[PDB]
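Presented below, as C-alpha cells, is a lone chain in the form deposited in one PDB entry.
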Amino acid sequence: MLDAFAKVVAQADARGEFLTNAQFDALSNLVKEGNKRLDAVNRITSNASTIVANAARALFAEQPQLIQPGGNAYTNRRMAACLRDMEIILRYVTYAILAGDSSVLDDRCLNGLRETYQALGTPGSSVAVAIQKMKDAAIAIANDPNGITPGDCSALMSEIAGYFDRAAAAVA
C-alpha cells in the first residue's frame, strides 16, 4: 500500500536521490488540500448505504433480467453478494481518496476481479453500470456546496471520478 507521499518517496529511492524542490512543493499542496480530502471521504462514507441501495435500485430497474429467475442477481444469496460487491468496491474507492493513490484499490480490490466475474458468469458490464451509478451519487454528495466552507474542490472531484472509472474499467 502506498499513499501519495510514499509514492514520491519510492520513486526518489529507485533513483537514489533526495527530493527536489518541485517535489517538496507538490507534496506541500497535497497537505494544504487535506481538509477538502477529508470532507469528501467523510461525506461519501456517511452516505455509503444510500449510495449503494439507490445505485442497485436503479441498476435493476434498467436491467430487470438480472433479477428475473435465472438472472445473476436472482435469489437472496446472489442479491446479497451483488450488494456486497458494490459495498466493497465503494469501500476501497474511499480508501484511495484518503491515500491520494490507487494502489490499495488496485492491489486489494480490482486485481483479478475481472477473472472472478468471468469464472462465475457475472456480467462485468453490468457491474460497471453499478459503479457508474455510485460515482455520480458520491460526487454529487461530496461536492454538495451546502453546510460547508465554500471553496473549489474540482480537482479533487476529478481525482475521485478517476478511481470510480478505474474500477469500472477493470471489470467490464
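Throughout, we count residues from 1 along the sequence that is shown. Take the two forms, superpose them, and find the largest set of C-alpha atoms that agree within 1.5 Å; that set is the rigid core.
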Subject >> Comparing 56-64 with 142-150, the one whose average Cα B-factor in the PDB entry is higher >> reply: 142-150
Original post:
Got a sec? Mean C-alpha B-factor, which is higher, 15-23 or 158-166?
Top reply: 15-23
**OP:** Could you check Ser103, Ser46, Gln132, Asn35 and tell me which one carries the biggest Cα B-factor in the deposited entry?
**Re:** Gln132
Original post:
With respect to the C-alpha temperature factors reported in the PDB entry, which of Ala128, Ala137, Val41, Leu120 ranks highest?
Top reply: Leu120
Original post:
Sorting the chain's CA B-factors, does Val171 end up in the lowest, middle or highest third?
Top reply: highest
Original post:
Lowest, middle or highest third: where is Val31 by Cα B-factor in its chain?
Top reply: middle
Subject >> Chain-wide C-alpha B factor ranking for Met1, given as lowest, middle or highest third >> reply: highest
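One more form of this protein exists, namely the form deposited in another entry; it is left out here, but the text below deals with it.
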Original post:
Does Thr20 move its CA by 2 angstroms or more between this form and the one not shown when the core is aligned?
Top reply: yes
